[PDB]
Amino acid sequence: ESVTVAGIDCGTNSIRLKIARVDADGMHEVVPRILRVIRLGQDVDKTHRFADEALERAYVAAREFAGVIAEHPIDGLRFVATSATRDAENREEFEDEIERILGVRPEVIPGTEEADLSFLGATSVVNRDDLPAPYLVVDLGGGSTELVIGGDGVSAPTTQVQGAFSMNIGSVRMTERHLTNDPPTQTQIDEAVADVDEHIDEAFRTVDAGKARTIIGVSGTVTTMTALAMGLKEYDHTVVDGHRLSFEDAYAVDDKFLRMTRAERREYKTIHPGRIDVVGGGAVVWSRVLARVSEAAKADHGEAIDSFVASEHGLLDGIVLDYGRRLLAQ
């Protein structure tokens, strides 16, 4: 018995579609992730509502997805909406139109549910021979960044969430709020940094991040920076997924690209055209989250974290796996 489900993850910078088969032995890809960087959360941090052109870019993507889904029968579809939709005061209008295009009304899940699913998606395939738990998963999105940590596998299962928090900082939100100059000035960077560390302080009061022995980073910013640190001339998910990057290499690319002009960034084809404008915001968030989790680890059990593993499996996989296994019961 196995159901074939379709999943859509609608974030702040992009919207993704994935369709797969799900049974007792995990999931089996039918349609590997289709990415459309529609920037639906553009200016939402300031305006608190979706812009007309954003809405429209989303409907264009939606209609294409409806087309892809209609090319293979499915037992169900779950459309998940995150940060950008949580903040948009005109979200109902948005949901009303996606509902008539895809048949399903989008779900605006809270920040902790987003973290739970993201942890599921990234942790259901890790190789225990290579990565020691607790697993701390960082989903750095356009508008939100969640920190989720599981058990060490002794006092509690490695797949059971021990702490989860969704911070309201992201690659998009931080760029629009602080990094206004091309390239950003030291003063803008310092203000982005100060804003990020304050959110981390709040997050740490909830998530005991110092228990981490392995940092898994998911989403656009992490994978792109990792691809850049590897010297890739064009993006290639197969080589980035599961790659361990040292903190030294991570701080270095993060800083180079942060301080880079948008014209300079474009020379690197590995960076999706739709991420070039906000990569600076992701660089600052990522570097600070890494530095803070490391310090928290050394204080917790006397060991600093000096690397992280990039993963191409995040919220989407969690969506399709959860929904799938949820249908295989009801």
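Note that residue numbering follows the sequence shown and begins at 1.
Student: Higher mean Cα B-factor in the deposited model: 284-292 or 52-60?
Tutor: Averaged over C-alpha atoms, the B-factors run higher in 52-60.
Student: Looking at the deposited entry, does 204-212 or 146-154 carry the larger mean Cα B-factor?
Tutor: Comparing averages over the C-alpha atoms only gives 204-212.
Student: Looking at 89, 191, 182, 176, which has the highest Cα B-factor in the entry?
Tutor: Comparing C-alpha B-factors across 89, 191, 182, 176, the top value belongs to 89.
Student: Go through 252, 120, 218, 126 one by one and give the residue whose Cα B-factor in the PDB entry is largest.
Tutor: Reading the PDB entry, the winner on C-alpha B-factor is 126.
Student: Sort the modelled residues of this chain by their C-alpha B factor and say whether residue 139 lands in the lowest, middle or highest third.
Tutor: Its C-alpha B-factor belongs to the lowest third of this chain's values.
Student: According to the PDB entry, is the CA B factor of residue 229 in the bottom, middle or top third of its chain, that is, lowest, middle or highest?
Tutor: Middle third of the chain for residue 229's C-alpha B-factor.
Student: Please place residue 33 in the lowest, middle or highest third of its chain according to the CA B-factor in the PDB entry.
Tutor: For residue 33, whose C-alpha B-factor we compare with every modelled residue in the chain, the answer is the highest third.
Student: How does residue 320 rank on Cα B-factor within its chain, lowest, middle or highest third?
Tutor: Highest third, going by the recorded CA B-factors of the chain.
Student: What third of the chain does residue 167 rank in for C-alpha temperature factor, lowest, middle or highest?
Tutor: It belongs to the lowest third of the chain when residues are ordered by C-alpha B-factor.
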